[PDB]
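Enquirer: Below is one structure. I have some questions about it.
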Amino acid sequence: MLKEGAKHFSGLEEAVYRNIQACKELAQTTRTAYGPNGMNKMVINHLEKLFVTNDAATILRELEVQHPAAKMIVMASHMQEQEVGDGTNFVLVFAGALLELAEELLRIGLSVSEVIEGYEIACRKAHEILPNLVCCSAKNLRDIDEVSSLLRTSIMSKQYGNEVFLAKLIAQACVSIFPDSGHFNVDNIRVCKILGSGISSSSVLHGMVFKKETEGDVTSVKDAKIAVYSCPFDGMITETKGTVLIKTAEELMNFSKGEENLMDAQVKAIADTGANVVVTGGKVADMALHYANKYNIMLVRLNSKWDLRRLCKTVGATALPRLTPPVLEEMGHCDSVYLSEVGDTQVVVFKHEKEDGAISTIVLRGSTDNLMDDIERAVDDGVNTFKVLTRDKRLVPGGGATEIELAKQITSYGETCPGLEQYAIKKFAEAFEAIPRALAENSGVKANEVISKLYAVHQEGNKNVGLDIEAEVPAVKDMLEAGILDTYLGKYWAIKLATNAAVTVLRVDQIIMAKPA
Amino acid sequence: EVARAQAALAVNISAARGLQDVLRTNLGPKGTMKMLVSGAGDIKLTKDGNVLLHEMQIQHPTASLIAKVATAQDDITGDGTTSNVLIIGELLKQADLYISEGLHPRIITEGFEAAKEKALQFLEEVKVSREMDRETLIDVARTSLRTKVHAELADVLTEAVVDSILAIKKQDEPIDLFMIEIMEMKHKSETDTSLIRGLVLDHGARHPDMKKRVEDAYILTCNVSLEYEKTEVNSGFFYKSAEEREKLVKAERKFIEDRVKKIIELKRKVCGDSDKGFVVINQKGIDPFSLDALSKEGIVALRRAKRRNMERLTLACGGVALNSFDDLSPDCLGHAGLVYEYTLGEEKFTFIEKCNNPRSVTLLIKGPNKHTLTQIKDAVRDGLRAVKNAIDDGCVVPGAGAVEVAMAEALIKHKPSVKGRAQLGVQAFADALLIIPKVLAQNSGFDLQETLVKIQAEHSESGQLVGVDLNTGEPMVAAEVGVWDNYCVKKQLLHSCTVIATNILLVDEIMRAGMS
Amino acid sequence: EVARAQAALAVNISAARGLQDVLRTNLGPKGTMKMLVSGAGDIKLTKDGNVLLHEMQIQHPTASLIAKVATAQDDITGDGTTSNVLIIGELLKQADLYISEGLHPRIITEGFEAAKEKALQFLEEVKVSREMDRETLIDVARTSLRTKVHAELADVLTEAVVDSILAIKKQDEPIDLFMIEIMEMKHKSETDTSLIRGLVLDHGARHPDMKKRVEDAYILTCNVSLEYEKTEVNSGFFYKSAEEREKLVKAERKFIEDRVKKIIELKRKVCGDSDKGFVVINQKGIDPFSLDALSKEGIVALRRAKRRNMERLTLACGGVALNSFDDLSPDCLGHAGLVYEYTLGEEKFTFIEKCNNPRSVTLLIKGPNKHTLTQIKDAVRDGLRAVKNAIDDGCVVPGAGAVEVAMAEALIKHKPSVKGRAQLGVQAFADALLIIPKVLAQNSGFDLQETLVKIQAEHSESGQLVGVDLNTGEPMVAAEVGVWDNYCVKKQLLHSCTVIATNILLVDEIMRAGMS
Ligand SMILES: Nc1ncnc2c1ncn2[C@@H]1O[C@H](COP(=O)(O)OP(=O)(O)O)[C@@H](O)[C@H]1O
Ligand SMILES: Nc1ncnc2c1ncn2[C@@H]1O[C@H](COP(=O)(O)OP(=O)(O)O)[C@@H](O)[C@H]1O
Ligand SMILES: Nc1ncnc2c1ncn2[C@@H]1O[C@H](COP(=O)(O)OP(=O)(O)O)[C@@H](O)[C@H]1O
């Protein structure tokens, strides 16, 4: 009319409407998950493979939204993902509940400043009262079952069928390096895929693990310096065709002898300079393997960009795809390279650990390539959850037993200070009842009776609804002796990010114009 | 082609009312922010007046011309582009109503000029002086930060601004805003500010871990070719023979060896110990084999330096930039007191302080890696501009809507002359000055007429400058809280409003012609 | 069916503004006349307010209801239906503007009531008395005629009106406008008026030229069958035999002969000369053979008399109406002093005067045989009503637009209380009272604001009641020229305006329902 060009429907009335409906429609395609349930969704983008996923991370990473209100939450989601391990749908659910509860306050007739102040006061009160429900704590991290229970509890959120063997494997792989005390890295654990048997035959192995065959000889010496290259066996001599049938044998024999002499001089110069082995990334030839066998030089076969990228980012060499024989400028720190036979396949093992910065690589195997993705996701999630950078994790009874207690505390605190700040406190307290409802609605029964039962027993804070049929209607179980706990700092960071996102959304809310060309 | 009516004034009044209604919810600290996105999906948050008026797509040519005229008069004072379109729109509406009633624009213009003169006289007679100290500047910077940024991080920036102003200003001549560099970084936190009393160098050295406690250091700026590249070159033209280029490379290597030997002997002559250090700034690369031999004796050489860095170094210290490494007079070597190396991110920074004549303060700010850092920079720039404007004069009048009420009371009651034709314009000019308190009370969340009549009764009973409270809506005095303003800003705003309202009512007809 | 908006007030304000703009050019003596024609091409000329509002076709129901309410309040005082829609429209426009600005109708109604009370108190305190004589009534009637008829024949009309008022009013009780009969005739000239001190008889006699200088005359009113028709009758039913009807006719003739002999002997007994005349009034016909024998002795008998004529004759003189011509007491015979016969047109008129208790004055007027005679009659009726209204009281305040200025000055300056909410309505009520002088100056042929500010400056300098001049546009005093007004008329107008403006803003929603 005066500013926009019939593109967006912004003005002095869309605030208490579209800015909330967009977030509601964005969050409605997410409440179907959140909990140990089988709600797989297929993802079709550019790979054209038709794969089903369960986590919301890969779902949000593929969906393209064209709205600022929906894009204001993916930033906080990525920030929470970069900060701690898990935690993604909680912030979205909290923001959606806060917006749905503030819509009524805005429709009644209240300013946004009072609502923002009340939300900030409620968030401060929740952050102050949070360090008070600490039950269990971490004792010694040098044991096995102490961390295995936490790993099983973290894996049970994703996979419900098999969760003991994977947790035990992750615990054995993490305890063989370094604990949380001192220094522990994350990018030192690799996951390899082996197409063979099922998942009931996995094992662990310390060091580098790569599925690369060997057509030469077993070189178990320490002077075998590595030498990575791009495509050394490509084509240094390009041969063309003269006639149609065949040419003279003299010229072909001369060219073959010249190429053989050139490659012999090349391998002699690359072996006499201080490099017994060579990493190739091209094709093979009969004379090539003949020279490799007669010169006692290990020759690989399988080539991959990820392998050379990892070798470059770990050692620190540089590939030299040149025709003329260069000089030795790829000296690294590896020396102990051994060969092993696993699953009738030749694998390499690197030994260079000096009791500092050790690496590990778990051996994974499955049926198809569409099943190891969930296993790798569970493994990396458990690895990220194991890292907490503190000796005492101060675990709290998660699953919804603390949300009701926090809501009751906020409700009891809000019924004291007078003024027009009680409505926002009551809304922030009532917004905490969105976790048990989504967990009860995604099972098979209703959620009102579950909430009434949880509010009718006692204010102990250790009661939550189970997963079996004998725990849906009563929902009276003690999760303290079962082993279901959550991260203390994770919930705090999630609540902080949700409050920040809600404040940012409620602040910037007027007219959305455009920019001139 | 032929048009003899009054539709031009009608469409002008309509466009003015539309422009006033579009921008009217950005007044006061409790305003609403705005967002702009169109080019490749770039989210940009803003709330200022000139920044919004400069980056918008207005479909009306009259509104675009009005915005251009308003922005063209913003380079005079600090920030006066806001709170201006409302009074102009009110005056234009009053003029249109008086024209529809039956009058001439000449009498309206004369009355507007008389009212402007009376308001100028009242502002000149009502001014008061105040001793400039530290609390006044602190309060001014706090009010500026509250009007710009939210009421959260507005406490850690005002102190740094006041400290930088006190460290820069120490003479009698007016200060200049060209010796303060505002840099930005990338961190994980939000509230992170620093006030460095020295210079900042982005680049450092390729071989760290040698020394960092260099007290009295000597810095020499040059631009010779120490080690640009190991590739063979000639004169910008490829040849065929390799003997000539290899001989040129050998000669260049011999020249580099001679230069490093000369600088080594110079460092050995001008020093000879470990306390007297030397630092060299060069824009070309540095070979590690020569860097090791240089550091073995106790002289650091930096590579990849920007032009602004060496410019600030030669302007703050005072050194001659030559193109030779010969043994010359040490008069061009600048002195450095303290050198520190900060390791963060993917590049180590260098901080030099305790030098001669500390006339270079750096306000380092950090953000959570987004677009709010530019907003914080604009806010601190507006705060520095307001502080500079509040330090040039010595008279500061209170604000918070306590000057327009007295002006209207003086223009309505104590009339300068007795004339109905002049009063017809005086009343219209006085009734258009009460839009600021009404808009403030509407945006604060209260009524519009109740607070107005309350302030009127409080001013009629007492007689002091009564302000507007944005908390309870009760009339209070703005002379005891801490709300202040400027002096020439109000005069410039009144002059701009009068100039805009004068050259608008004289529009006769608008024809459709022109080719260029 | 379902409606929750504010369009009802909008359409009400629109209808009020339309009704105010339709009727606004009929104020002051220099107003433009209108015309109405629809029924069989009947040209009607009028200029009054109630007469126009009662005979019009309005397409708006709200305007029709407003006109009906305004006409239903004209039976209290004389003429107060005019100069009322303008103030109501101005008040409604001010209320709509204040509602669009943001206010509640309750505060507006309270302020309007307070302003009405203040204006009533000011009018009660500003009133003044004056001795009623002849010049004051003459000036009042002259102004009333000038406000209706042109300034040509506004002399012989007011002189005759004052003469009739002085001849009728002579007691202490309030006079009644039921003893003055206004008749009309048909002549060739235009200005022709007469004031008869006696009664008027339209019919006379069939055989004229006998006598007309009859001093003392005795009049007797009856209703017997003297000579209705010569046709044979019976009892309202035709028969077949002629002997019965001829015998009935013979008996009727014998009865008529007996009656005429009885009245002849009665005239001979009660008189016997030629000075004392005997006039007889009968509604039936008179035979010429008997009329000649009657006139031979000196008794005149009239035929074809109306009921109102004999009613006025028996009410002014005092006679008993019997149905017999017997010899009874002469107490029922009325006395007449002078009888005259005027011969003009196709029927001779009779004028009887010099009777007992002259309480019957006739205002005869002649026109050029058109429709302006009704307009002259309405004008003289309005003048008589104004004279009667100016004779019941003893206090007359000046007019010519000199009461509204003082009222506005007292309502604006000397405020009864200090309250912004009440002032918001007081200012709106005071700004609507200046709609009379502005419209008067616009209709006179001058400016609107120049004369207004001139009158304002004159009233601020001097302080007396300054009127509006309809000749040169200069401010003059209306207390020395001759312009006067009433007392209760202004109070009734203010009450009606307040009642109309009060029960309008309380309209919520207008739904479409009903069946009756
Ligand atoms: N086996 C279980 N028993 C009880 N609660 C569980 C179980 N598994 C998951 N949960 C609950 O489901 C919630 C969501 O877990 P998860 O999906 O790992 O995090 P996010 O939803 O942030 O991705 C957690 O708060 C946890 O309390
Ligand atoms: N601390 C304060 N308390 C009340 N009102 C204030 C305060 N600071 C500024 N204002 C009001 O804000 C108005 C100007 O705000 P704005 O248009 O944002 O310009 P600026 O940012 O220069 O203040 C002034 O009219 C003043 O009355
Ligand atoms: N002689 C006069 N000189 C000036 N103004 C007059 C005169 N007589 C009447 N008026 C004006 O005419 C107005 C009323 O006229 P009108 O509406 O026709 O009613 P009316 O016929 O009762 O006077 C009054 O406001 C008065 O000011």
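Protein chains in written order, with the authors' numbering: chain H, 14 to 530; chain F, 12 to 527; chain N, 12 to 527.
We put the CB at the ideal spot given by N, CA and C, even for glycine.
When we look at the beta-carbon of H:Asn383 and count the other beta-carbons within 10 Å, is it buried (16 or more) or exposed?
Expert: Result: exposed.
Enquirer: Identify each residue in the stretch 406 to 428 of chain F for which the Cβ-Cβ distance to at least one residue of chain N is less than 8 Å, and report them in chain order.
Expert: If the cut-off is 8 Å between Cβ atoms, the stretch 406 to 428 of chain F has nothing near chain N.
Enquirer: Would you mind sorting H:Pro410 into buried or exposed? The rule is 16 or more other CB atoms within 10 Å of its CB.
Expert: By the 10 Å Cβ count, H:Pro410 comes out buried.
Enquirer: Can N:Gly209 and N:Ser335 be called in contact, C-beta distance under 8 Å?
Expert: No, these two residues do not count as a Cβ contact at 8 Å.
Enquirer: Rounded C-beta distance between N:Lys58 and N:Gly42? I'm assuming under 8 Å.
Expert: Sure, about 7 Å apart at Cβ, within 8 Å.
Enquirer: In three-state terms, what does DSSP make of F:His65?
Expert: If DSSP states are grouped into helix, strand and coil, F:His65 belongs with the helices.
Enquirer: Quick check: the Cα distance between H:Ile524 and F:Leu517, rounded to an integer number of angstroms?
Expert: Going from the Cα of H:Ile524 to the Cα of F:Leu517 covers about 34 Å.
Enquirer: Please list the partners that N:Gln31 has in chain F, where partner means a Cβ-to-Cβ separation under 9 Å.
Expert: The contacting residues do not exist; N:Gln31 stays about 15 Å from chain F at best.
Enquirer: On the premise that N:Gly348 lies in contact with N:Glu364, defined as a C-beta separation below 8 Å, what is that separation, rounded to the nearest angstrom?
Expert: That pair is a contact at about 7 Å.
Enquirer: Do you know whose CA, among F:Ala304, F:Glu255, F:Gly474 and F:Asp496, lies nearest F:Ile402's CA?
Expert: Of the candidates F:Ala304, F:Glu255, F:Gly474 and F:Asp496, the one whose C-alpha sits nearest the C-alpha of F:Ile402 is F:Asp496.
Enquirer: Would you mind stating whether H:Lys509 and H:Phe197 have Cβ atoms separated by less than 8 Å?
Expert: No, they are not a contact pair.
Enquirer: What's the call for N:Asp480, buried or exposed, on a 16-neighbour Cβ count within 10 Å?
Expert: Per the 10 Å Cβ criterion, buried.
Enquirer: Taking the alpha carbon of F:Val13 as the point to measure from, which residue in F:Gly525, F:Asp86 and F:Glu520 has its own alpha carbon closest?
Expert: The candidate whose alpha carbon is nearest that of F:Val13 is F:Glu520.
Enquirer: Answer yes or no: the CB of F:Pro40 versus the heavy atoms of ligand 2, is any distance below 7 Å?
Expert: Correct: F:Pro40 has its Cβ closer than 7 Å to ligand 2.
Enquirer: With distances taken between CB atoms, is the gap from F:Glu112 to F:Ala433 smaller than 8 Å?
Expert: No. Outside cutoff.
Enquirer: Going by Cα to Cα distance, which pick from F:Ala19, F:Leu103, F:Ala413 and F:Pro486 is closest to F:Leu30?
Expert: Considering only alpha carbons, the answer is F:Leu103.
Enquirer: How close, in whole Å, do the beta carbons of H:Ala447 and H:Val104 come, if the pair is a contact with beta carbons under 8 Å?
Expert: Contact doesn't hold; Cβ gap of about 12 Å is too wide.
Enquirer: Would you say the beta carbon of H:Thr101 is closer than 7 Å to some non-hydrogen atom of ligand 1?
Expert: Result yes, Cβ under 7 Å from ligand 1.
Enquirer: Take the Cβ of F:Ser252 as the centre, count every other Cβ of all protein chains shown within 10 Å, and call the residue buried at 16 or more, exposed below.
Expert: Exposed, by the Cβ-count rule.
Enquirer: Would you say the beta carbon of H:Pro49 comes nearer than 7 Å to a heavy atom of ligand 1?
Expert: Flag set: Cβ of H:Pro49 near ligand 1.
Enquirer: With a threshold of 7 Å, establish whether the CB of F:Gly410 neighbours any heavy atom of ligand 2.
Expert: Yes, the beta carbon of F:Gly410 sits closer than 7 Å to at least one heavy atom of ligand 2.
Enquirer: Anything in chain F within Cβ reach of H:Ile525, meaning under 7 Å, just list it in chain order.
Expert: Here the neighbours are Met46.
Enquirer: Evaluate the contact criterion for the stretch 248 to 256 of chain H versus the stretch 219 to 235 of chain H: three or more CB pairs, one atom per stretch, below 8 Å.
Expert: Cβ pair count under 8 Å is below three, so no.
Enquirer: So N:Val488 and N:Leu476 are in contact, right, with Cβ under 8 Å, and what is the actual spacing, rounded?
Expert: Rounded, the Cβ-Cβ distance is 7 Å, consistent with contact.
Enquirer: Which residue marks the beginning of the alpha helix (DSSP H) containing H:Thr415, and which one marks its end?
Expert: Taken as a continuous stretch (DSSP letters only), the alpha helix (DSSP H) holding H:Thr415 covers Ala414 to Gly427.
Enquirer: List the whole-angstrom C-beta distance separating H:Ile72 from H:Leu63, where the pair is believed to meet the contact cut-off of C-beta under 8 Å.
Expert: About 15 Å; that fails the 8 Å criterion.
Enquirer: Just to check my reading of the structure: H:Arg165 and H:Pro192 have Cβ atoms closer than 8 Å, yes? What is that Cβ distance to the nearest angstrom?
Expert: Their Cβ separation, rounded to whole angstroms, is 19 Å, which puts H:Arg165 and H:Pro192 out of contact at 8 Å.
Enquirer: To the nearest angstrom, how far is the alpha carbon of H:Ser167 from that of H:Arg378?
Expert: So the alpha carbons of these two residues sit roughly 22 Å apart.
Enquirer: Tell me N:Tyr229's beta-bridge partners as DSSP assigns them.
Expert: DSSP lists N:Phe289 and N:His346 as partners of N:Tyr229.
Enquirer: Is there at least one non-hydrogen atom of ligand 3 closer than 7 Å to the beta-carbon of residue 10 of chain N?
Expert: With chain N represented from 12 up to 527, any question about residue 10 of chain N goes unanswered, as that position is not in the structure.
Enquirer: At least one CB of chain F closer than 8 Å to the CB of H:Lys528: is that the case?
Expert: So, interface residue.
Enquirer: Please return the same chain residues whose Cβ sits closer than 7 Å to the Cβ of N:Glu66, not counting the five positions on each side in sequence.
Expert: Hits under 7 Å: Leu47.
Enquirer: Whole angstroms are fine: how far does the CA of H:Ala284 sit from the CA of F:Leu237?
Expert: The straight-line gap from Cα to Cα measures roughly 37 Å.
Enquirer: Hey, is H:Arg520's beta-carbon within less than 8 Å of any beta-carbon in chain F?
Expert: Closer than 8 Å: yes.
Enquirer: What is the residue span of the beta strand (DSSP E) that N:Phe300 lies within?
Expert: That residue, N:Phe300, is in no beta strand (DSSP E); its alpha helix (DSSP H) goes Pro299 to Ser306.
Enquirer: Applying the 10 Å Cβ sphere with the 16-neighbour rule, what's the burial state of H:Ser353?
Expert: That one is exposed.
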